[PDB]
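>
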Amino acid sequence: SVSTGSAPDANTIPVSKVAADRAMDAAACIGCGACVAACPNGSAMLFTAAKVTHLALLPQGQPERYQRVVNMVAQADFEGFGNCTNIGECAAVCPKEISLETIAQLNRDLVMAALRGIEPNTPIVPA
Amino acid sequence: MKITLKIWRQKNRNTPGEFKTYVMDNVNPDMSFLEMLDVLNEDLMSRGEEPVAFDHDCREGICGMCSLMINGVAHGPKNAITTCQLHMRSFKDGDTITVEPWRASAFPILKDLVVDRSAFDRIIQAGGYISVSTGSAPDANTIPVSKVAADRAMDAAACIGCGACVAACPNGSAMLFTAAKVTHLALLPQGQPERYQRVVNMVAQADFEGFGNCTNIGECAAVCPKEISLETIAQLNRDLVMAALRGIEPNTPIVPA
Amino acid sequence: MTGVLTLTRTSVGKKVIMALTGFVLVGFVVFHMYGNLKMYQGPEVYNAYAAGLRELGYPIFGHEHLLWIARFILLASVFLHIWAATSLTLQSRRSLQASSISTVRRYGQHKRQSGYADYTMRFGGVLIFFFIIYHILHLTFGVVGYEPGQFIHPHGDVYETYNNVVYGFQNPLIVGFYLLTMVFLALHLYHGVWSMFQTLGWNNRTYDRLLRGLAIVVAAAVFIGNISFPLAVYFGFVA
Amino acid sequence: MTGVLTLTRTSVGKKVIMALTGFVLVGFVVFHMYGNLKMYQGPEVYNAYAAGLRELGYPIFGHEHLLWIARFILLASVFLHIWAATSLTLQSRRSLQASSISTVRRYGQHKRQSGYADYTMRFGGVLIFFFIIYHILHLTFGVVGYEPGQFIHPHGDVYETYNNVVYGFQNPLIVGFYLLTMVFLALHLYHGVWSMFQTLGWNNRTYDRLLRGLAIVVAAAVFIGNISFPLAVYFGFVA
Amino acid sequence: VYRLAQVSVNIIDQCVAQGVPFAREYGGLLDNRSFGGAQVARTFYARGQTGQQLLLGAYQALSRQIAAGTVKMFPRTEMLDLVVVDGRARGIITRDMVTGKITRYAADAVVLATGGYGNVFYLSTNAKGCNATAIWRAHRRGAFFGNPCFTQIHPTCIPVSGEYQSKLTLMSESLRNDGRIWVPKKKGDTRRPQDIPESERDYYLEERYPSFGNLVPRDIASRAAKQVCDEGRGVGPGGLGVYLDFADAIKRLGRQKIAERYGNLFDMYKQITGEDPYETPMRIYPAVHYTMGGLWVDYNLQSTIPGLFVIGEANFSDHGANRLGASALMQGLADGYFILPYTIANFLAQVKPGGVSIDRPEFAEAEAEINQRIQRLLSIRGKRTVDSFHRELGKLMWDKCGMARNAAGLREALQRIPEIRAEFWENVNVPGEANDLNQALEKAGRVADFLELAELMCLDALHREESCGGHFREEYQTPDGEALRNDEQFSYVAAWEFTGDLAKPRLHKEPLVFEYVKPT
Ligand SMILES: Cc1cc2nc3c(=O)[nH]c(=O)nc-3n(C[C@H](O)[C@H](O)[C@H](O)COP(=O)(O)OP(=O)(O)OC[C@H]3O[C@@H](n4cnc5c(N)ncnc54)[C@H](O)[C@@H]3O)c2cc1C
Ligand code: HEM
Ligand code: HEM
Ligand code: HEM
Ligand code: HEM
Ligand SMILES: CCCCCCCCCCCCO[C@@H]1O[C@H](CO)[C@@H](O[C@H]2O[C@H](CO)[C@@H](O)[C@H](O)[C@H]2O)[C@H](O)[C@H]1O
Ligand code: SF4
Ligand code: SF4
Ligand code: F3S
Ligand code: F3S
Ligand code: FES
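Protein chains in written order, with our numbering: chain P, 1 to 127; chain G, 128 to 384; chain H, 385 to 623; chain D, 624 to 862; chain C, 863 to 1382.
Written as C-alpha cells, this is what we have:
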C-alpha cells in the first residue's frame, strides 16, 4: 500500500542479493492456474505462497506481511479452493519451476500471524 | 441544586492545612466543576475571604494542568475525563463533595489545591527523548512505520502529564507515566538505537525522585484521562529485563537546580 | 483477535493443528511399538512392563495418574485429528464436484507425477480409526474376538497381558485385519512424518532429503515391528 | 557492566527477582499440596511417599541429594523474596510519608476502584513468613505444639509422618492458625500468579483474561487442598 | 512567505525524525489530508492532537538540552518588564508567582515568544492564562506594534452557558458542510427544537446569500449569526448561540459514515453540552481565535528595538490580514528552528559579549516601577472584581471592534475605553499579598495591559478605512457582502509607535510591493 509520488529514493533501503534473487524466483508467476488444475485437491496454495514469498522477502513488504498472508489465505478459502496435502504436483507442473519452499514460507508466516492474534478481514465479494 | 463542598485549604508548603465547608445554593447542572469553583472564589472575594487556588489552563482536557481529587476518585467520579471536563450534571442535589489535591512525597503542596509536578519533567529529562539535532534530519518517508505500530505509539504518547496515576496508585508510583513514554518512544524505529539505556535511566530517575514501586494493582489505568492501558507497563518491564540482560548501567541522576 | 483460536478459521490453521496432533501420535506409536517389542523377552518381562506402566511415578506420583494424563492427551489429539481431517476432506471434495466429467472422476485421463497421497492418507486414516475403535475394545477390554474364559482382567497389582496377547491373535481374520491396518499405517506414517514438517514450515533445500529418509526409516521400523508381533504370535514362535 | 546484578539497582529489577522467586515458590506450593493430598489413601501410602521423597533416583543419586538441593533453592528464593518485599514496602512507606493527612491515612476520602492488593499481599506475606517458621519448627522438627512421647522422629529408613500429622492438628488454636494462614495464602496466590506474569512482561490483550482465570483456579485449588487436611484431621475423618 | 514555504519541508523532516507519531498509511509511508477547502492535500496530522505531538517533540528536545546543562528553565514565573541599556534590549524583570520574588535577569539578546493577544476579548478560544503583558511592555519600551486590529475568528465554537465562563471550545470546521443553520421564527419558543416544524424555522443564511450555496465564508456567516443573536433571537441559555441541525444530514446520508466522520466531535459535544448531537440540534457561536497582529519585525525577525527578536504569534510576521489553516504551527516551528538561529548569530557576531550586569540603574528603575505598580494594584482594594472589568472590556470590544466595524461604533468604543480604565484603576479589589501564590494579582495586571492595548487596537481599526481579511468595515464592502480592498491607498503595513500618550500613538507606513503575485 504505497501511493504514487510518496516513494523515497531507490537506493534508500538495501536488499541483499540472495533475498532479491529468491524474491525474483518467487515473483515470476504468470498466473496460468496450472497449479490449481494439477493439484488433486484443486488448491491454489502454490500461487498464494509464491505471491506471499515474493512480497515478504523484500523490506518494503515487511510492515504488513503478517496480515497480508492471512487475508490472502482467507480469500482462497472463500473462493472455493481446496486444502494442501503437501503432495507436490504444483511444483512438478508449474511452468516457471517455483519450488515448494514458498509454501513452507507461507506456512511459517501464517503460524507467526496466528501467534500475534491477527484476524482476517472481510472477504472480497465479486461485483 | 444546592451543593455542600469540603475543600482542603493550606496556606503554604510547611503550614498545616485543614478542610473547610462551603455551601452554595444555586448551582447550574450544565456548568462545569471549575466554573463552580470560580463562582465560589468570586463569592469568597465578595465576602472578603482568601480565594481557593487551583491549576487550570486549557479547560479542554489536553494540557493536563487540572489536578483535583473529587470524592476520593481523581478527576471526578466519571472516568476517561479530566477535572476541567467534569460537569455538575453528573452529581446529585444535596450531595457533599470533597475536593483535595494530589498527595505524594514527590508532589509537594504549594497552596489549597496546587501541587508541584516538576518530578515528571525531571523524569522526562533523564533520557526520555530522542537525541537528534536540528537540520540533520533525513527525509520524512525514509523509514517506513507500520500502521499498527504507529497507532500503538500514538495511543501511548497521548499522555497529558496530569499526574493522576501517581495520586491514585496506593503506592504513589509513577509507573504508568514512565511506561507510556517508554512505549511511545520504543515503538518507532527512530527510538530504537537508544531504547535499552533510556528506560533504565528513566526508571532510575523515578526511584531517585521518591516515587513508590508498582504492585500491579491497576488503579492507575482506571482513572487515567486518556485511557493509557496496562500493556505499556508490560512493555517497560520487558525492555528493562532485556537491558539488564545486556548489562546496561544507569547514568547519574538528574539533580534539580 | 482471539489468538491461537484463529487457526480454526482457516484451512492452513487446521493443517497446523493436524501436524501437531500427528507429531504427538507418531511419538506415541513409536513408543508403543518399542514397548510391545518386550514380549519377545518372555511373559515375566512383558507383565512387569505392563504393571510398571501404571506405576510410573509410584514413589512420588499417584497410581495411574501419568497413564490417565497420557490417555486424555491422546484422546484429545485424536479427536482434533478426526475433526480437522473430516473438515478438510469435505472442503476438498466440494472443490471438484462442480467441474468433474463424472461423479467418479475429474478428467478423462490424469497422469499423476508426484504421488498418490490423497487416496492413501484418507483411506488409511479411516481404516486406522476403525482399527483403533476395534483394538481398544479387543485387547484392553477383552470383550470381542475372544472365547469365553480366555481374557484375564487385571486383578490387583498383577497383569496377564502376555496371556491375552497370545490368546488374541489366533483367528486368521483378526491377524489379516491387523496386517492390513499395519500396511495402511505404514503408508500413512511414510507420508505424514515429512508432511507435518512441511506443514509447520521446517523445510528447505538442505533438510528435505534428510526428512524424507527419516520418514522412510520410521515407517519401515514401525511396520516391521507391528507386523512381526501378530505373525509371530499366530505362527507359534511366541507362546 | 556487571550484568544481571543490575536488577539489584532499580525497583523494577527487584520486582523481577520477586517474580522469579514467586514462580519457584508457587511451583513448590502446588507440588507440596499435591503430595500432601496422598494422606487420604492411608498411612502406608503417606509413609511410602515420605520415604521416597528422600530416595529420588536412589541407584543413581545418593541419599538425600535432590531433596537438599531443593531445600537450598527454596531457602535462597525465600530469602530473596523477604529482602525484596521489605525493601519495596519501605520505599513505598517513604514515598507516602511526606504528604498525608495523618500518620495512618493519606487521603480524606480515598476510594479504590481496583483491588486492595497492597494490604492483602503485605499482611499475607508477613503471616506466611511467621507460619513457615512455625511449620518448619512444628512438623519437621516436632519441638512445639506436641505432647511428650507423641512425635516420632524418622528412624533409619522408616517414617511416621502420618502419625505426626494425626497427632498434630489437635489443638483448636493450631488448626485456626493454619486456616487463617491458608486463607491469606489463597489471597496471596490469587494476586501473585497474575502479578508475576505481568511483572515479567508476558501479558497482552489476548492472554490477560486467561492468566486471570489461571490465577483464580490455582488459588482455589491450593486453598481447598490446604484447608481440607486440618479440618479432616480435627474432625476425625482421617485417623 | 516564500522563506516559510521553503523551510516547511525541513520543518516536517525534523518533526518526523524526533518521533512525532504522524498518521501513516498501510505501507508505512506518511498520510495527507485536505484542510477543508484547500485545493491540495498538503497537511500532516496526528489523529486529533497534532499540536500536542509537535509541542511534545519540541519539549523533549528542550528537556534534552536542559539535561546537558546548556539551557536553564524557569517555570511558574512571568516577565513583567523589559530592561533596555544603550538602546539594546539587555534584560528582563520577572516575578516568581510561587513566592512573589522579583528577579532581574541580564543577557545579550532577548527573544519574545509569548503568543497572541486574542484574550483581550473576554470570550475567546485561547487559554485562560493567555495575555499580552510582554508584548505591550515591549511596545511601551520602544517596540512598534504592527497592525494590531488584524484578528481572525472561528465559525464553530460552543456558546457560553451563563455569565461565568470565559472559555469557548474550538470545534473543527468540518461541520457546517450540510449548512442547516437556522433560528426559530418566534423570538421566544419553549418547544423542543426538533418539535418545531420545518416551515416554522427561520432558516437564515439560506434565503440570504443563496448564490454561495449555504457555504458562505466564515466571516459573513459569523457576522450574520452575531446579528441574529443580538436581535434577541438567540437559542442558548443566555440568549447567545444559533442552531445547527443535523437531522436532515442524518436522514440524507447514512448514520454509520456520519459517525465515522464526526464521532470525536459528537462525543466531546455530549461531554460538554450534555445533549446528543444526533437527536438535538447543535448550538454554535463564533468566537475570536487568532491575532495576526503583533510587534513589527524585519526580515531578521528583529523588532524596532535592537537586540529584541519577536517570533511565533507575538509578531506580525507574514500572515497578512488572514491566517490560513494549519499555518501558525508551521510559522512557529520555522521561526524556532531554521530562521532565528541565523539572524541571532549575525546580530551577536556584530557585537561583543558581556559588559552589562544586573546592577545597572535601568534594572533598578524597572524593578522599582514594577514594585510600585504591584503595590498600587494590591492597595486599591475597591469593590468590583477583576473578572467584571475584563468581561465589560471584552463585551465592549466584541460589540464595537468585533467582526463588524463602523466609524461610529469605533469612536464610541474609543470614548468609552478611558472611563473603563479609570474605573478599573479606582474600583478594583484584589486580595492576598505580594509574596504569595496570588492569581488575582496576575489577572489584574493582565487586565490592565488589555485595557491599555484595546485603545490602540481600536485606533488602528478606525484608521484603516478599508476591508481586508479579518478586518471588515461596513462602509467598504461589496454588494454581495464580501470585503473590498483599496490597494491604491492602504497597501502598506501600519506600525504604531508609543509616544507616551495612550490616545496619540505615532503612525509609520511600511510600503508593500508585489512583483510575483499581483493583487486581484
Ligand atoms: C484550539 C486551538 C486550535 C488551533 N489549531 C491550530 C491549527 O490547526 N493550526 C495552526 O497553525 N494553528 C492553530 N492554532 C494556533 C496555534 O496554537 C498558535 O497560534 C501557535 O502555536 C502560537 O505559537 P507560540 O510559540 O506563541 O506558542 P504559545 O503557546 O502561544 O506561546 C505562549 C508561551 O509563552 C509563555 N508566556 C506567555 N506570556 C508569558 C510571560 N509574560 N512570561 C513568561 N512566559 C510567558 C507561555 O507560558 C507559553 O509557554 C490553534 C490554537 C488554538 C487555541
Ligand atoms: C495412528 C494415528 C495417526 C497418526 C500418527 C497420524 C499421523 C498423521 C500425520 C503426521 C499427518 C500429516 C499431517 C500434516 O500433513 O501436517 C496425517 C495426516 C492425515 N491424517 Fe492422520 N494420523 C493418524 C490417524 C488418523 C486418523 C484416525 C484419521 C482419520 C480417520 C487420519 C486422517 C488423516 C488425514 C485425512 C490426513 C491428511 C489431511 C491433509 O493432508 O489435508 N489420520 N496423519
Ligand atoms: C500392532 C500390534 C499391536 C499390539 C500387539 C498391541 C497390543 C496392545 C496391548 C497388549 C495393549 C494393552 C496394554 C495394557 O493393558 O496395558 C494395547 C493397548 C493400546 N494400544 Fe495397542 N497394540 C498394537 C498396535 C497398536 C496401534 C497400531 C495403536 C495405535 C495406532 C495402538 C494403540 C493402543 C492404545 C491407545 C492402547 C491403550 C493403552 C492404555 O490404555 O494404556 N496399538 N495394545
Ligand atoms: C496446609 C497443609 C500442609 C500440610 C498438611 C503440610 C505437611 C507437611 C509435613 C507433614 C511436613 C514434614 C514432612 C517430613 O517431616 O518428612 C512438611 C514439611 C514442609 N512443609 Fe508443609 N504442609 C502444609 C503446608 C505447607 C505450605 C503451605 C508450605 C509452603 C509455604 C509448606 C512448606 C513445607 C516445607 C518447606 C517443609 C519442609 C520440607 C523438608 O524439610 O523437606 N507446607 N509439611
Ligand atoms: C508461600 C510462599 C510465597 C509465595 C508462593 C509468594 C508468591 C508471590 C508472588 C507470585 C508474588 C508476585 C510477585 C510479582 O508481583 O511479580 C508475590 C508478591 C509479594 N510477596 Fe510473596 N510469596 C510468598 C511468601 C511471601 C513472604 C514470606 C513475604 C514477606 C513476608 C511475601 C511478601 C510479598 C510482597 C510484599 C509482595 C508484593 C511486593 C510488590 O508487589 O511490590 N510473600 N508473592
Ligand atoms: C471428535 C471426533 C469426531 C468428529 C466428528 C465431526 C467431524 C466433522 C466435523 C464437521 C465437519 C465440518 O467442519 C466444519 O468445516 C467448516 C467448513 O468446512 C469449517 O468452517 C470454517 O472454515 C472454513 C474453511 O476452513 C471457512 O471457509 C469457514 O468460513 C469457517 O467457518 C468449520 O469450522 C468446521 O466446523
Ligand atoms: S502453475 Fe506456477 S506459474 Fe502457473 S499459476 Fe501456479 S504458481 Fe503461477
Ligand atoms: S499516564 Fe494517564 S494519569 Fe498518568 S499522567 Fe499520563 S495522562 Fe495522567
Ligand atoms: S500438490 Fe496439491 S495438495 Fe497442495 S502442496 Fe501442491 S497444491
Ligand atoms: S497503581 Fe501502581 S501497581 Fe502499577 S498499575 Fe498503577 S503503577
Ligand atoms: S485545563 Fe487543561 S486539562 Fe484541565
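Just so you know, even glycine gets a beta-carbon here, dropped at the ideal spot from N, CA and C.
So, for P:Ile124: in the same chain, excluding its five sequence neighbours on each side, which residues have a beta-carbon less than 7 Å away from its beta-carbon?
As a working mapping, residue 124 of chain P is identified with position 124 in the first sequence. Contacts found: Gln75.
> What I want to know is whether the C-beta of D:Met805 ends up closer than 7 Å to one or more non-hydrogen atoms of ligand 4.
Here the question's residue 805 of chain D lines up with position 182 in the fourth sequence. Correct: D:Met805 has its Cβ closer than 7 Å to ligand 4.
> Would you mind listing the beta strand (DSSP E) stretches within the stretch 939-981 of chain C that are 3+ residues and don't spill past its ends, in chain order?
DSSP runs (the beta strand (DSSP E)) wholly in the stretch 939-981 of chain C: 939-947, 950-958, 964-968, 972-974.
> Please indicate yes or no: does the CB of C:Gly1125 lie closer than 7 Å to some heavy atom of ligand 11?
On the fifth sequence, position 263 is the one that residue 1125 of chain C refers to. Checking every heavy atom of ligand 11 against the Cβ of C:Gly1125, none is found closer than 7 Å.
> Which value, in whole angstroms, describes the spacing of the CA atoms of C:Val1213 and C:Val973?
Counting from one through the fifth sequence, the residue named residue 1213 of chain C turns up at place 351. Counting from one through the fifth sequence, the residue named residue 973 of chain C turns up at place 111. Cα to Cα, the separation comes out at about 17 Å.
> State yes or no: is the beta carbon of D:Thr829 nearer than 8 Å to at least one beta carbon in chain H?
Mapped onto the fourth sequence, residue 829 of chain D falls at position 206. D:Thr829 counts as touching chain H.
> Mind checking if G:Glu227 is an interface residue toward chain D, Cβ cutoff 8 Å exclusive?
On the second sequence, position 100 is the one that residue 227 of chain G refers to. For G:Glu227, the answer is yes, since a Cβ of chain D falls inside 8 Å of its Cβ.
> If you reduce the DSSP assignment to three classes, tell me which class H:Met385 lands in.
Within the third sequence, residue 385 of chain H is the residue found at index 1, counting from 1. Three-state result, H:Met385: coil.
> Given 7 Å as the limit, tell me if D:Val701 has its C-beta closer than that to any heavy atom belonging to ligand 5.
Position 78 of the fourth sequence holds residue 701 of chain D. Yes, Cβ of D:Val701 sits closer than 7 Å to a heavy atom of ligand 5.
> With a 10 Å radius around its C-beta and 16 neighbouring C-beta atoms as the bar for buried, classify C:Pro1021 as buried or exposed.
To locate residue 1021 of chain C, count along the fifth sequence from 1; it is residue 159. That one is buried.
> Let me see if you follow: with CB-CB separation under 8 Å, is C:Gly890 close to chain P or not?
Reading the fifth sequence from its first residue, position 28 is the one you call residue 890 of chain C. Yes, C:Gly890 lies at the interface with chain P (some Cβ there is under 8 Å from its Cβ).
> How about H:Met566 and H:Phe607: do their beta carbons lie closer than 8 Å?
For the purposes of this step, residue 566 of chain H is taken as the residue at position 182 of the third sequence. For the purposes of this step, residue 607 of chain H is taken as the residue at position 223 of the third sequence. The answer is yes: Cβ separation under 8 Å.
> If you drop the 5 nearest sequence neighbours on each side, which residues of the same chain put their C-beta closer than 7 Å to that of C:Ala1188?
For this step, residue 1188 of chain C is matched to residue 326 along the fifth sequence. Same-chain partners within the cutoff: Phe897, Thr905.
> Does DSSP put C:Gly1156 in a helix, in a strand, or in coil?
For this step, residue 1156 of chain C is matched to residue 294 along the fifth sequence. The answer is strand: DSSP assigns C:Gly1156 an E or B state.
> Between G:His214 and the rest of its own chain, which residues show a CB-CB distance below 8 Å, the 5 nearest in sequence each way excluded?
Translated into the one-based positions of the second sequence, residue 214 of chain G becomes position 87. Answer for G:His214: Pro156, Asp157, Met158, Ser159, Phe160, listed in chain order.
> Contact between the stretch 162-170 of chain G and the stretch 735-755 of chain D: three or more CB pairs below 8 Å?
No, the stretch 162-170 of chain G does not touch the stretch 735-755 of chain D.
> Can you tell me which of the three DSSP states H:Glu439 falls into?
Walking along the third sequence from the start, residue 439 of chain H turns up at place 55. Here H:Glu439 sits in coil by DSSP.
> Shorter than 8 Å from the beta carbon of C:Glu1122 to some beta carbon of chain P?
The residue you call residue 1122 of chain C lines up with position 260 of the fifth sequence. C:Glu1122 does not count as touching chain P.
> Is there a C-beta anywhere in chain D that falls below 8 Å from the one on H:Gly560?
Here residue 560 of chain H corresponds to residue number 176 of the third sequence, with the count starting at 1. Chain D contact via Cβ: absent.
> If you count every other CB in all the chains shown that lies within 10 Å of the CB of P:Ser16, and 16 or more means buried, which is it?
Counted from its first residue, the first sequence places residue 16 of chain P at position 16. Burial call: exposed.
> Compute the distance between the beta-carbons of C:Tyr1161 and C:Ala1190, then report whether it is under 8 Å.
As a first step, residue 1161 of chain C must be located in the fifth sequence, where it is residue number 299. As a first step, residue 1190 of chain C must be located in the fifth sequence, where it is residue number 328. No; because the gap between Cβ atoms is not below 8 Å, this pair is not in contact.
> Among residues of its own chain, excluding the 5 on either side of C:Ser1084, which ones have a beta-carbon nearer than 6 Å to its beta-carbon?
On the fifth sequence, position 222 is the one that residue 1084 of chain C refers to. Cβ neighbours of C:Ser1084 beyond the five flanking positions: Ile1015, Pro1017, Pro1148, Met1265.
> Is the beta carbon of C:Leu1272 less than 8 Å from the beta carbon of C:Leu1324?
As a first step, residue 1272 of chain C is located in the fifth sequence; it is residue number 410 there, counting from the start. As a first step, residue 1324 of chain C is located in the fifth sequence; it is residue number 462 there, counting from the start. Yes, the Cβ-Cβ distance between C:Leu1272 and C:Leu1324 is below 8 Å.
> Identify the residues that DSSP records as bridge partners of D:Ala708: which are they?
The residue labelled residue 708 of chain D in the question sits at position 85 within the fourth sequence. According to DSSP, which records beta bridges pairwise, D:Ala708 is partnered with nothing at all.
> Can you pull every residue whose C-beta falls closer than 6 Å to some heavy atom of ligand 8, listed in chain order?
For ligand 8, the selected residues are G:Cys286, G:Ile287, G:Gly288, G:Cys289, G:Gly290, G:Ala291, G:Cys292, G:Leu303, G:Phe304, G:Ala307, G:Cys351, G:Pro352, G:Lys353, G:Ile355.
> Along the chain, which unbroken stretches of the alpha helix (DSSP H) at least 4 residues long are found entirely within the stretch 167-220 of chain G?
Taking only runs of at least 4 residues, no alpha helix (DSSP H) segment lies wholly in the stretch 167-220 of chain G.
> Starting from the Cα of G:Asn298, find the closest Cα among G:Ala253, G:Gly262, G:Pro265, G:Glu346 and give me that residue.
Numbered from 1 along the second sequence, position 171 holds the residue referred to as residue 298 of chain G. G:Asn298 has its Cα closest to that of G:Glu346, out of G:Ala253, G:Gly262, G:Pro265, G:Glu346.
> To the nearest angstrom, how far is the alpha carbon of D:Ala674 from that of D:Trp691?
As a first step, residue 674 of chain D is located in the fourth sequence; it is residue number 51 there, counting from the start. As a first step, residue 691 of chain D is located in the fourth sequence; it is residue number 68 there, counting from the start. Each residue's alpha carbon lies about 14 Å from the other.
> How long is the line joining the alpha carbons of C:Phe1012 and G:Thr142, rounded to whole angstroms?
In the fifth sequence, residue 1012 of chain C corresponds to position 150, counting from 1. In the second sequence, residue 142 of chain G corresponds to position 15, counting from 1. The straight-line gap from Cα to Cα measures roughly 48 Å.
> Taking the Cβ atom as the reference point for each residue, do D:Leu711 and D:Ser634 lie within a distance shorter than 8 Å?
As a first step, residue 711 of chain D is located in the fourth sequence; it is residue number 88 there, counting from the start. As a first step, residue 634 of chain D is located in the fourth sequence; it is residue number 11 there, counting from the start. Yes, the pair counts as a contact, with Cβ atoms nearer than the cut-off.
> Would a check of beta-carbon distances place G:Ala283 closer than 8 Å to chain D?
For the purposes of this step, residue 283 of chain G is taken as the residue at position 156 of the second sequence. No - not a single Cβ of chain D is within 8 Å of the one on G:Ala283.
> Measuring CB atoms only, is the stretch 639-646 of chain D touching the stretch 440-449 of chain H, in the sense that at least three cross pairs come out at less than 8 Å?
Verdict: no, contact absent.
> Counting pairs of Cβ atoms below 8 Å between the stretch 826-844 of chain D and the stretch 807-815 of chain D, do you hit three or more?
These segments touch.
> Using 7 Å as the cut-off, classify the Cβ of C:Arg1273 as near or not near the heavy atoms of ligand 11, replying yes or no.
Position 411 of the fifth sequence, counted from the first residue, corresponds to residue 1273 of chain C. For ligand 11, not one heavy atom lies less than 7 Å from the Cβ of C:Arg1273.
> Would you mind working out which of G:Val368, G:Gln319, G:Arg325 sits nearest D:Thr822, comparing C-alpha positions?
The residue you call residue 822 of chain D lines up with position 199 of the fourth sequence. Comparing Cα positions, the closest option is G:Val368.
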